[PDB]
Amino acid sequence: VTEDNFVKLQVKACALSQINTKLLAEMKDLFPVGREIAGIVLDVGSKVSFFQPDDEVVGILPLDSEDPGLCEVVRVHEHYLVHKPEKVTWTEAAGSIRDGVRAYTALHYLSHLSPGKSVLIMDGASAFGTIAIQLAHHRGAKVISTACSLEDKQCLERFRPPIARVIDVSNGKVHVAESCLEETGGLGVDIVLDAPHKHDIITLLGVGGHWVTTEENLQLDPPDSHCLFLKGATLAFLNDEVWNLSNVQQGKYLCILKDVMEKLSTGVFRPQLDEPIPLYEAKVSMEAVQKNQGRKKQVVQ
Amino acid sequence: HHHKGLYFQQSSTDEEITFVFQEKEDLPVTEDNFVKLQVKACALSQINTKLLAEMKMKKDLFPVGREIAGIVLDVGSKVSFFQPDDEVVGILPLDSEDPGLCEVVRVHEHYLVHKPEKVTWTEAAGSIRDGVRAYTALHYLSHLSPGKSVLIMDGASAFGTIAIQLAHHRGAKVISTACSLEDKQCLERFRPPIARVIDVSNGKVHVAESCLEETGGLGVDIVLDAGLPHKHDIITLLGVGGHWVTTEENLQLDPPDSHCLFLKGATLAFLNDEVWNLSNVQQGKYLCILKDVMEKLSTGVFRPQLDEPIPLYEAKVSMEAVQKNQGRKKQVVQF
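As given, the protein sequences belong to chains B and A, one line each in that order.
The first sequence maps to residues 27 to 54, 58 to 224, 243 to 348 in PDB author numbering.
The second sequence maps to residues -1 to 225, 242 to 349 in PDB author numbering.
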């Protein structure tokens, strides 16, 4: 049943991602599953304006969403959605909106990319890693990335615009700090995208460098935050759902989405993702995810 | 022939430093990138003995004075940006051979910019370093923008004064913590009034509760902490996506603190103006910072809280007071 100021839409694809347990636990029946949707609006509320029925859209549902994205159709507020470009497919859209958001914030809002800069994208073979690498290349950066497996290794070396260097941590040991300092020319890396232990990162960091972490419980010792002081560095925490959970950041967020699709419309992004598996056995695919397993994005169609 | 220069020496078991006048020769400029300056003004700043020690320099007498404005007397062969009679201003490197507190100084050319004529010597020397700190904290570590809220520690200091002026120039609402009585009056006398002076004379206010009052619960966008509140109250008063710019060189950040930081998507940045003259890489960026600061000064958006200038012979007493951080106005030696 539709409510006003909300929009009913018919899902065209719903990519699924890892569900964070303790974020749900700290936030306080059923746990709705599915958030990265690319659908076609059905019925419109009485006071929604930006969307008219028979329009194709893409967006990320909020954590408090009554409806679960994994469904034939769902309801969602109109300011959680954006228009999907015509050229883009719908699996591509649903699979790229979330990782594209994260890459855009991490590399554009928590750090700044420009021609000539160096960025260490850790686990570049993950879907998020792939999208992030494509952003870095699009702006003109020199990308160093970490490969955790042989599959990841040969996955990254075959990028059409080859990355500067693939450091494989797949083996027992590798001197990541020394090798990236070696690749920069003593300068160090400008942006590290945690997405090694911290002592490799802090020495790897260049002058005024940016450490964009995702660790939700980082402990910092006075000697470490001192080496950061000597380098004039910035520690930026990447948290995906601060846009959705803050009422003021409405506009910027939307623009990100609209730009994420824009590059996807001109194909500067390309997701790396599993073949489309329909609704049925989708729960088993989600079970597989939560297992800390999966380098390819998994989208339902 | 020779000139009098202020130096300092350090005892072995005491980190304390003593200041001494010593006469020494003018370093000649020859077949090098160095310029020789007639020093017109040299501002004073407390010397971080620790950072200098980490630089690993082997000296028994260390030179004093780094924030200079003067006239180019001579130039080495390779110098390009300056010719004699030019009016220059700059900050001498941490590894400088010559003291800034001396009538003549020899400095590499990639440390100076030209001085605007409307700027006096004492004003330029007394604004260069603090304007740079403020500029990189509010423009490179955080990103000032009209409408944002900026909590500035002190603000009655020289740095806090330049910073408050920068924030107002960019349409920022400023919250600032006064400590002394005289500090509170000083913050009361600002030409455009700041939004909220929180008076932490004694343990009678809460800066977190007051700042959350003013912000409406959203939180402060930019915290400038340089120059008193615990780490935790900073982290609770910080807004969503906010930037915490700190002068703390030995910060203790435990996982609860960092957890609240993550949940607010907060960036933490360290303010260290030496970062350009110690690494010596993107110094051309630093140059543009100097030129913009000097422009801001010439047009009028900066007015440093200078004290009245002093002659060179009073520079060792003054420096002594500057080393203990007794005094709020900015001391500048005039020649």
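C-beta: ideal position from N, C-alpha, C; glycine also.
Counting only the same chain and skipping the five closest in sequence on each side, list residues whose C-beta sits under 7 Å from that of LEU49 of chain A.
By 1-based counting over the second sequence, the position of residue 49 of chain A is 51. The residues are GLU288.
Taking 8 Å as the CB-CB cut-off, is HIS273 of chain A touching chain B?
In the second sequence, the residue the question calls residue 273 of chain A occupies position 259. Judged by the 8 Å Cβ criterion, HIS273 of chain A is in contact with chain B.
Which chain B residues sit within Cβ distance under 9 Å of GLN44 of chain A?
What you label residue 44 of chain A is simply residue 46 of the second sequence in a count that begins at 1. Going along chain B, no residue has its Cβ under 9 Å from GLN44 of chain A, so there is no contact; the nearest lies around 17 Å.
Mind pulling the chain A residues with CB within less than 7 Å of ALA283 of chain B?
Position 236 of the first sequence, counted from the start, is the residue given in the question as residue 283 of chain B. Those within 7 Å of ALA283 of chain B in chain A are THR281.
Measuring alpha carbon to alpha carbon, tell me which residue in B:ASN200, B:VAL307, B:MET333, B:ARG104 is nearest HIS137 of chain B.
Against the first sequence, residue 137 of chain B aligns to sequence position 108. For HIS137 of chain B, the nearest C-alpha among the options comes from B:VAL307.
Run through chain A and tell me which residues come within less than 8 Å of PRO269 of chain B, C-beta to C-beta.
Walking along the first sequence from the start, residue 269 of chain B turns up at place 222. Within chain A, the residues near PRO269 of chain B are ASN264, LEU265, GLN266.
Check the Cβ of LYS278 of chain B against every Cβ in chain A and list those closer than 9 Å, keeping chain order.
Numbered from 1 along the first sequence, position 231 holds the residue referred to as residue 278 of chain B. Ordered by position in chain A, the residues that pass the 9 Å Cβ test against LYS278 of chain B are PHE284, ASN286, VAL289, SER293.
Going by beta-carbon coordinates alone, are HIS112 of chain A and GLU85 of chain A separated by less than 8 Å?
For the purposes of this step, residue 112 of chain A is identified with residue 114 of the second sequence, where counting begins at 1. For the purposes of this step, residue 85 of chain A is identified with residue 87 of the second sequence, where counting begins at 1. Yes, they are a contact pair.
Can you name the start and end residues of the beta strand (DSSP E) that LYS171 of chain B belongs to?
The sequence position of residue 171 of chain B within the first sequence is 142, counting from 1. Looking at the DSSP string, the run of the beta strand (DSSP E) that includes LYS171 of chain B is 171 to 176.
Which two residues bound the contiguous beta strand (DSSP E) that contains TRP258 of chain B?
As a working note, residue 258 of chain B is residue 211 in the first sequence. Here the beta strand (DSSP E) through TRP258 of chain B covers 252 to 260.
List the whole-angstrom C-beta distance separating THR260 of chain A from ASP223 of chain A, where the pair is believed to meet the contact cut-off of C-beta under 8 Å.
Numbered from its first residue, the second sequence carries residue 260 of chain A at position 246. Numbered from its first residue, the second sequence carries residue 223 of chain A at position 225. Sure, about 5 Å apart at Cβ, within 8 Å.
Under 8 Å, Cβ to Cβ, is there at least one residue of chain A near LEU222 of chain B?
In the first sequence, counting from the first residue as 1, residue 222 of chain B sits at position 193. No, its Cβ sits nowhere closer than 8 Å to a Cβ of chain A.
Measuring only between beta-carbons, confirm whether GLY255 of chain A sits less than 8 Å from chain B.
Taking the first residue of the second sequence as 1, we reach residue 255 of chain A at position 241. Contact of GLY255 of chain A with chain B is assigned, a C-beta pair being separated by under 8 Å.
Please tell me whether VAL198 of chain B and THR175 of chain B are closer than 8 Å, where the distance is taken between their beta carbons.
Taking the first sequence and counting its residues from 1, the one referred to as residue 198 of chain B is at position 169. Taking the first sequence and counting its residues from 1, the one referred to as residue 175 of chain B is at position 146. Closer than 8 Å, so yes.
Between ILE89 of chain B and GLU65 of chain B, how many whole angstroms is the CB-CB distance? I'm expecting something under 8 Å.
Counting from one through the first sequence, the residue named residue 89 of chain B turns up at place 60. Counting from one through the first sequence, the residue named residue 65 of chain B turns up at place 36. Confirmed, Cβ separation roughly 6 Å.
What does DSSP give as the partner residue(s) for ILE220 of chain A in the beta ladder?
Position 222 of the second sequence, counted from the first residue, corresponds to residue 220 of chain A. A:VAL148, A:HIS257, per the DSSP bridge assignment.
Excluding the five sequence neighbours on either side, which residues of its own chain have a C-beta within less than 8 Å of the C-beta of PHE157 of chain B, listed in chain order?
Reading the first sequence from its first residue, position 128 is the one you call residue 157 of chain B. Listed in chain order, the non-local C-beta contacts of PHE157 of chain B below 8 Å within the same chain comprise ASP128, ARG131, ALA132, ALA224, local neighbours out to five positions each way being set aside.
Are there 16 or more other CB atoms within 10 angstroms of the CB of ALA283 of chain A, so buried, or fewer, so exposed?
Residue numbering aside, residue 283 of chain A sits at position 269 when the second sequence is read from its first letter. The residue is buried, with at least 16 neighbouring Cβ atoms inside 10 Å.
Take every Cβ of the stretch 97 to 106 of chain A, pair it with every Cβ of the stretch 300 to 319 of chain A, and state whether three or more of those distances are shorter than 8 Å.
Counting C-beta pairs closer than 8 Å gives fewer than three between the stretch 97 to 106 of chain A and the stretch 300 to 319 of chain A, which falls short of the contact rule.
For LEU139 of chain A, return the contacting residues in chain B, with the cut-off set at a CB-CB distance below 7 Å.
For the purposes of this step, residue 139 of chain A is identified with residue 141 of the second sequence, where counting begins at 1. Correct list: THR281.
If you drop the 5 nearest sequence neighbours on each side, which residues of the same chain put their C-beta closer than 8 Å to that of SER332 of chain A?
Within the second sequence, the letter at position 318 stands for residue 332 of chain A. Result list for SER332 of chain A: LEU42, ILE324, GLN345, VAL347, in chain order.
By the three-class DSSP mapping on this structure, what secondary structure does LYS54 of chain A have?
In the second sequence, the residue the question calls residue 54 of chain A occupies position 56. It is coil, neither helix nor strand.
Given this structure, state the Cα-to-Cα distance separating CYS209 of chain A from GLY3 of chain A, to the nearest angstrom.
Translated into positions along the second sequence, residue 209 of chain A becomes position 211. Translated into positions along the second sequence, residue 3 of chain A becomes position 5. Rounded to whole angstroms, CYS209 of chain A to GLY3 of chain A spans 47 Å at the Cα level.
Taking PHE80 of chain A as the reference, which of A:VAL62, A:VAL103, A:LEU110, A:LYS56 has the closest Cα?
Counting from 1 along the second sequence, the entry for residue 80 of chain A is found at position 82. Residue A:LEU110 holds the alpha-carbon nearest to the alpha-carbon of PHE80 of chain A among A:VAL62, A:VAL103, A:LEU110, A:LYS56.
Note the first and the last residue of the continuous alpha helix (DSSP H) segment covering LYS305 of chain A.
On the second sequence, residue 305 of chain A is found 291 positions in, with the first residue counted as 1. Here the alpha helix (DSSP H) through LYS305 of chain A covers 297 to 313.
Run through DSSP, which three-state label would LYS278 of chain B get?
Residue numbering aside, residue 278 of chain B sits at position 231 when the first sequence is read from its first letter. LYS278 of chain B: coil per DSSP, three-state reduction.
When we look at the beta-carbon of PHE17 of chain A and count the other beta-carbons within 10 Å, is it buried (16 or more) or exposed?
Looking up residue 17 of chain A in the second sequence gives position 19. By the 10 Å Cβ count, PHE17 of chain A comes out buried.
Hey, quick one: how far does the beta strand (DSSP E) through residue 235 of chain A stretch, first residue to last?
Residue 235 of chain A cannot be located in this model; chain A continues from 225 straight on to 242.
Indicate whether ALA165 of chain A and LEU142 of chain A have their beta-carbon atoms separated by less than 8 Å.
Translated into the one-based positions of the second sequence, residue 165 of chain A becomes position 167. Translated into the one-based positions of the second sequence, residue 142 of chain A becomes position 144. Yes; because the gap between Cβ atoms is below 8 Å, this pair is in contact.
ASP247 of chain B and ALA206 of chain B: beta carbons closer than 8 Å?
The residue labelled residue 247 of chain B in the question sits at position 200 within the first sequence. The residue labelled residue 206 of chain B in the question sits at position 177 within the first sequence. The answer is yes: Cβ separation under 8 Å.
I want to see whether chain A comes within less than 8 Å of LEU216 of chain B, judged by CB atoms only; does it?
Counting from 1 along the first sequence, the entry for residue 216 of chain B is found at position 187. Cβ-Cβ to chain A under 8 Å: yes for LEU216 of chain B.
Along the beta strand (DSSP E) that carries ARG104 of chain A, what are the first and last residues, could you check?
Counting from one through the second sequence, the residue named residue 104 of chain A turns up at place 106. Residues 102 to 106.
Between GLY68 of chain B and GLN36 of chain B, is the Cβ-Cβ spacing less than 8 Å?
Residue numbering aside, residue 68 of chain B sits at position 39 when the first sequence is read from its first letter. Residue numbering aside, residue 36 of chain B sits at position 10 when the first sequence is read from its first letter. Cβ distance < 8 Å, so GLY68 of chain B and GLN36 of chain B count as in contact.
Just to confirm before moving on: does the CB-CB distance between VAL70 of chain B and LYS34 of chain B stay below 8 Å?
For the purposes of this step, residue 70 of chain B is taken as residue 41 along the first sequence, with counting starting at 1. For the purposes of this step, residue 34 of chain B is taken as residue 8 along the first sequence, with counting starting at 1. For the 8 Å CB-CB criterion, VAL70 of chain B and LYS34 of chain B form a contact.
In whole angstroms, what separates the C-alpha of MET55 of chain A from that of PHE188 of chain A?
As a first step, residue 55 of chain A must be located in the second sequence, where it is residue number 57. As a first step, residue 188 of chain A must be located in the second sequence, where it is residue number 190. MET55 of chain A and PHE188 of chain A: Cα-Cα distance of roughly 42 Å.
Alpha carbon to alpha carbon, what distance is there between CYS177 of chain B and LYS202 of chain B?
Taking the first residue of the first sequence as position 1, residue 202 of chain B is located at position 173. Taking the first residue of the first sequence as position 1, residue 177 of chain B is located at position 148. C-alpha separation (whole angstroms): 11 Å.
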